Amino acid sequence: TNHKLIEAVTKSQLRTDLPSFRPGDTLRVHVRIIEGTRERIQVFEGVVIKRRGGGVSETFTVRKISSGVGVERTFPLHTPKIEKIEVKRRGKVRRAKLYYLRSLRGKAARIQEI
Amino acid sequence: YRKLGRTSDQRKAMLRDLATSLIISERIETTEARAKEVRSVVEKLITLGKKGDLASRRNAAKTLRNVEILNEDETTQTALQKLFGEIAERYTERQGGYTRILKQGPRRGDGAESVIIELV
Amino acid sequence: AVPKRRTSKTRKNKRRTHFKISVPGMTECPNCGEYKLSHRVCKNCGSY
Amino acid sequence: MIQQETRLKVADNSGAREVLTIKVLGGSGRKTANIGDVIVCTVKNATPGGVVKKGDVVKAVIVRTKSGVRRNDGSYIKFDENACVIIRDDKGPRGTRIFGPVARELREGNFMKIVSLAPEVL
Amino acid sequence: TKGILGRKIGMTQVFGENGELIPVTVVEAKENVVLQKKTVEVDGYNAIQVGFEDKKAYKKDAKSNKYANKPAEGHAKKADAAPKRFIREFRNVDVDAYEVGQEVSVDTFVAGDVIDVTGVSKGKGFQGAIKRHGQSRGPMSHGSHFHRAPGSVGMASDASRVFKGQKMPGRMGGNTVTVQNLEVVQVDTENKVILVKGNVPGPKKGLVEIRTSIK
RNA sequence: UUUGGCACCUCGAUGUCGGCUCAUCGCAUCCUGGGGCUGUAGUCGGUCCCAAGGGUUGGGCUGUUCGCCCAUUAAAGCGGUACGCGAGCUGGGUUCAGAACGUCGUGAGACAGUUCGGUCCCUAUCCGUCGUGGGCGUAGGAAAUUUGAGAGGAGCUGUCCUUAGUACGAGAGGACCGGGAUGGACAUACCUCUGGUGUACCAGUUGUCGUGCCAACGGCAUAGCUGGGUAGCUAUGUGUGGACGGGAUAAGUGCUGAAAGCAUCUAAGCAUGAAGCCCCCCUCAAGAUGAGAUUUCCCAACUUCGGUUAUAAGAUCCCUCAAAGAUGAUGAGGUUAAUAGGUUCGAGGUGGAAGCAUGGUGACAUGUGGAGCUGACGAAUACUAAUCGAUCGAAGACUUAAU
RNA sequence: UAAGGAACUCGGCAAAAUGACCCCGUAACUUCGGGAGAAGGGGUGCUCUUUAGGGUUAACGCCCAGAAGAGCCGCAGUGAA
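Written as structure tokens, this is what we have:
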């Protein structure tokens with residue numbers, strides 16, 4: 779085979795427990811920080827900016843505001859360093875990428891659920 | 110893809126008028142590449158009108174110009190009606206091709222490796 | 246950016262050795278036709 | 003992308019409200035830098051009072067670029083503005099009521115001082 | 197030691213240990229067979245000859261090269277074997293181990309070795325100089341006329357000529373290149389491929405002459 | 001490598017300082033190393049010597065040649081080359097014609113004392129250089145793989161820690177010391193990742209013309225504008241690299257000698273030691289006219305197998321193409337065929353098609369429906385075309401010794 | 001065109017950015033004329049309501065609005081020039 783070979787390998791590495799979502803969604807994300815001492819978990823909460831092509835390359839991004847400070851975190855999908863994921867919410871979007879939100883703060887940056 | 114050393118708008122317009130006239134005649138004489146690249150186009154138009162759906166009708170009216178063949182017995186119809194009423198049936202069984210092409214000799218003014226194109 | 250000396254004819258002809266023109270194929274028509282280039286429409290005394 | 007002649011905001015309470023840069027130390031020919039690094043700079047819009055006054059020369063430290071980084075995990079982090087923090091030739095700051103988020107990649111920079119001083123870190 | 201050939205398919209990313217990301221390159225080595233076994237008394241050097249990939253046998257009206265020719269077949273037959281398509285030699289290895297007719301397999305390697313990959317470049321075309329070489333270019337305003345071209349080409353009337361080794365423009369092309377000291381991720385044996393840390397020279401479906409480093 | 005002196009070539013033209021781009025050679029060496037020295041305990045500074053291989057910032061202020069300063073850096077060298085290079089760039093300054101000021105001049109005008117402004121031509125013939133082909137030749141002909149005579153390229157530093165705060169030390173400073181971890185810069189290979197690009201992909205949207213009106217489409221308006229974006233090309237994005245290790249070494253420093261009856265870092269030894277030389281690794285390389293070496297395949301039927309028809313191994317013409325590509329060369333294929341296209345599917349991308357139906361006074365919304373579309377990408381399918389066919393293509397020379 | 005934003009340069013040359021219309025506010029200095037479009041702010045899409053007009057008015061109607069509200073949609077409403 780010249781065409782199915784790659785996927786035939788990398789299926790060994792992929793993960794399956796994960797849900798399906800899309801942009802518009804508000805998410806909670808449990809992640810396995812290994813400090814020098816232990817394998818402490820923490821959570822990030824955010825907003826589905828994007829995700830691009832499939833496989834291991836399926837890889838996505840979330841937005842947050844810390845202190846009025848827009849922060850963006852961008853992760854693989856099938857990495858092991860996620861413990862868990864939650865769909866906290868949906869939203870009625872009409873794009874596939876949400877780059878048009880890095881400019882705005884507040885009720886300007888408001889979302890309808892679903 | 111190929112450009113024809115011509116601009117995009119001129120190019121698109123040329124191709125669509127080409128395929129129009131082609132549909133009128135069922136074969137024509139021109140150069141090589143212009144035929145090479147109206148080839149795939151009109152193959153796809155056939156792939157559309159093989160279906161007769163109104164959606165495809167609409168999608169084709171994009172490309173087909175607004176033309177009138179006077180068919181025999183003082184009978185008239187357009188390229189569209191022709192396509193959806195006469196030609197779909199013909200290759201209704203076939204799974205590609207739909208055309209063929211005929212190398213010929215240079216022209217006088219140029220080294221124009223000219224070609225006839227026709228239907229199959 | 247112009248000639249300093251003249252072009253000797255020997256040197257000219259030397260240069261334009263490869264300035265030539267090669268030929269056409271010009272087979273017969275065993276398929277159908279008279280003597281005419283291979284695998285081709287009647288160009289001269291031909292059918293295929 | 004951070005080079006000299008670049009405007010940095012600050013995120014401490016030493017007395018500076020905004021700075022821009024001169025340098026990026028390290029090696030000869032070094033042009034640029036991102037988070038985890040030490041520079042110099044000079045303030046251009048200072049806070050009335052405070053320690054640090056307009057026109058003064060200073061070292062500092064990088065935090066939270068907009069051209070954020072990516073780590074050995076193959077994970078990425080960005081921000082929506084740059085920022086800096088000032089130090090005291092010891093990896094010790096001056097202002098001590100730090101604002102806003104900060105990264106994690108400076109534990110190795112032995113600014114754990116500052117991380118403990120900080121809000122949420124990531 | 198432990199040479200092998202294959203070709204290049206693509207690159208992906210892998211979550212190795214520690215959740216560590218690695219971009220990686222895939223290699224389809226296959227039907228790699230010994231065809232000759234040179235020597236020092238016979239051929240002046242102790243070495244082997246290897247073919248990668250079989251192809252069609254002798255035929256008629258063979259215009260392309262999927263089909264072999266008579267002497268090709270005669271080489272393919274002196275060992276019990278078929279018509280190859282790519283063939284090379286190796287010296288690094290010890291030959292006393294090997295034996296003609298073998299099918300040196302992808303499983304000869306493990307994950308975690310040191311290798312020197314040797315393939316070719318893509319090759320790009322005819323290229324200006326700031327592309328072929330790292331020549332940082334000239335102004336584009338303040339009333340200038342020296343944008344991408346080079347300027348100087350040598351010295352003055354003294355030595356009134358132009359040295360060689362100048363870095364003029366030319367063709368920016370496929371050429372031999374041997375990286376070193378990469379390493380190996382996992383040694384498949386069903387599709388019989390290999391995964392290697394990083395990138396390699398050459399475009400897809402090309403060719404690669406893998407072997408072991410030493411350092 | 002200053003100021004000059006001589007006026008030999010050049011005034012039927014040797015036509016411009018600086019700066020830009022690009023260099024390249026020296027060493028009378030800035031970093032780098034090594035030693036010896038120190039008023040050096042190690043470091044300090046300093047002194048000498050060995051050493052040129054490489055490397056040897058970015059800004060502010062004067063056109064200023066220069067120079068000063070702010071930050072750094074391991075250092076931020078001195079020089080040569082028509083005061084390196086303008087048929088490669090600028091012209092900021094000159095020197096041009098306008099003009100002003102100051103001074104001098106009876107004045108016309110001058111100074112330089114300044115000031116503002118003020119036109120930089122050339123289709124590359126030869127050599128040369130970078131790449132690319134064509135021709136022919138290597139005592140039989142072809143295909144493929146190769147040795148490599150030589151040639152080119154590569155050697156920069158910095159840092160945390162372990163040994164070791166140990167030696168030195170008067171502690172401070174702090175080693176040489178092996179490692180890994182390292183970082184920078186530099187050169188490389190690639191687009192999996194981040195991002196850009198994306199003009200035949202998707203959507204939205206204004207004006208305006210036609211399709212009678214309606215919408216729907218289409219045209220034109222920088223691709224009409226905006227958002228996104230596949231393939232590929234990409235870096236600011238990814239991964240690599242540098243180091244050694246051997247000798248031969250040098251300054252040297254240790255050694256042992258004799259002449260100079262002694263001794264005294266070979267004068268005949270022993271050593272060691274430099275980014276020095278070589279090896280060391282990468283690349284090109286039998287036009288290496290000396291033409292190499294191995295393996296396989298072909299071998300005039302006629303026939304001094306000369307020489308024709310032939311012919312074979314083998315090539316070429318032509319044709320579908322692109323991992324290649326100015327061209328041509330390279331490569332993949334040429335019907336016993338998946339080379340391209342089409343068709344089908346898929347991927348991926350975009351973002352919920354139309355038509356229905358419902359809701360809604362309306363704009364609009366919901367479902368039908370991750371819908372509908374989809375260029376380069378992937379598979380499959382011979383539906384289309386690469387079919388007929390032509391041309392070339394050897395006949396193993398002599399000498400001698402073996403045989 | 002990322003990110004930085006005149007570090008380029010003799011010199012921000014060039015290129016960039018602004019611009020229409022409506023509203024609000026506009027300093028110093030002045031030969032009182034002006035400066036001044038100073039600066040600096042804000043706003044414009046689409047539907048329904050009229051309450052109410054410019055009335056298009058015969059008059060609510062004709063469109064523009066009296067121009068005030070309520071709503072619809074988009075990243076974006078002198079969406080172009």
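First to last, the sequence lines map onto chains A, B, C, D and E. Its first residue numbered 779, the first sequence is counted upward by one per residue in the working numbering. Its first residue numbered 110, the second sequence is counted upward by one per residue in the working numbering. Its first residue numbered 246, the third sequence is counted upward by one per residue in the working numbering. Its first residue numbered 3, the fourth sequence is counted upward by one per residue in the working numbering. Its first residue numbered 197, the fifth sequence is counted upward by one per residue in the working numbering. Even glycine gets a Cβ: it sits at the ideal position worked out from N, Cα and C.
| query | result |
| --- | --- |
| Cα-Cα separation, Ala786 (chain A) to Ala225 (chain E) | 16 angstroms |
| Contact set between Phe853 (chain A) and chain D, taken where Cβ atoms lie within less than 9 angstroms | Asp75, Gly76, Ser77, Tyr78 |
| Short Cβ contact (9 angstroms threshold) for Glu20 (chain D) with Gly848 (chain A) | no |
| Where the beta strand (DSSP E) containing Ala874 (chain A) begins and where it ends | That residue, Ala874 (chain A), is in no beta strand (DSSP E); it is neither H nor E in DSSP. |
| Buried or exposed by the 16-neighbour rule on C-beta atoms within 10 Å, applied to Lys204 (chain E) | buried |
| Entirely enclosed alpha helix (DSSP H) segments - the segment 156–199 of chain B, minimum 4 residues | 163–172, 188–191 |
| DSSP state of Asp312 (chain E) mapped onto helix, strand, coil | strand |
| Rounded straight-line distance, which links the Cα of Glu861 (chain A) to that of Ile819 (chain A) | 8 angstroms |
| Identity of the residue in B:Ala144, B:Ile132, B:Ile133, B:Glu135 nearest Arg120 (chain B) by Cα | B:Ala144 |
| Where the beta strand (DSSP E) through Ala128 (chain B) begins and ends | Note, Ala128 (chain B): premise wrong, no beta strand (DSSP E); alpha helix (DSSP H) at 117–134. |
| Alpha-carbon spacing of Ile37 (chain D) relative to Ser356 (chain E), whole angstroms | 53 angstroms |
| Every unbroken beta strand (DSSP E) within the segment 242–292 of chain E, with a cutoff of 3 residues, ordered by chain | 244–247, 283–286 |
| Chain-ordered neighbours of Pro103 (chain D) on chain A, where CB pairs are closer than 8 angstroms | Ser844, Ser845, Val847, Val849 |
| Which of helix, strand or coil DSSP assigns to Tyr78 (chain D) | strand |
| Three CB pairs or more closer than 8 angstroms across the segment 32–51 of chain D and the segment 10–20 of chain D | yes |
| Backbone secondary structure at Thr804 (chain A) - three-state DSSP | strand |
| Bridge partners - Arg867 (chain A), DSSP secondary structure assignment | A:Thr804 |
| Same chain only: Cβ atoms within 7 angstroms of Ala142 (chain B), ignoring 5 sequence neighbours per side | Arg111, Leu113 |
| Rounded distance between the beta-carbons of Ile827 (chain A) and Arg841 (chain A), thought under 8 angstroms | 5 angstroms |
| Same chain, Cβ closer than 8 angstroms to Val151 (chain B), five either side skipped, listed in chain order | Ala128, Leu131, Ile132, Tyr207, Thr208 |
| CA-to-CA distance, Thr67 (chain D) to residue 133 (chain D), given in whole angstroms | For residue 133 (chain D) there is no data in the structure shown, the boundaries of chain D being 3 and 124. |
| Range of the contiguous alpha helix (DSSP H) that encloses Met114 (chain D) | 114–119 |
| Separation of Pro854 (chain A) from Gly831 (chain A), as counted between CA atoms | 11 angstroms |
| Within 9 angstroms, strictly: CB atoms of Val313 (chain E) and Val404 (chain E) | yes |
| Cβ neighbours of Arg217 (chain B) in the same chain (closer than 6 angstroms, five flanking residues each side left out) | none |
| Contact set for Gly802 (chain A): own chain, Cβ-Cβ below 7 angstroms, skip 5 residues either direction | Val826, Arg868, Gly869, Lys870, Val871, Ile889 |
| C-alpha distance - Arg106 (chain D) paired with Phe305 (chain E), whole-angstrom precision | 39 angstroms |
| Reduced DSSP secondary structure (H/G/I, E/B, other) of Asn228 (chain E) | coil |
| 7 angstroms Cβ cut-off: residues of chain A touching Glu122 (chain D) | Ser844 |
| Coil, strand or helix - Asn258 (chain C) by DSSP | helix |
| Min CB distance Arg793 (chain A) to chain D below 9 angstroms | no |
| Neighbour-count burial assignment, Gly339 (chain E), 16 or more Cβ in a 10 Å radius | exposed |
| Any C-beta of chain A under 9 angstroms from that of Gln209 (chain E) | yes |
| Where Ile784 (chain A) falls: helix, strand or coil (DSSP) | helix |
| Beta strand (DSSP E) runs contained entirely in the segment 82–107 of chain D, provided each spans 3 or more residues | 85–88 |
| Those runs of the beta strand (DSSP E) which lie wholly inside the segment 19–56 of chain D and span at least 3 residues | 40–48 |
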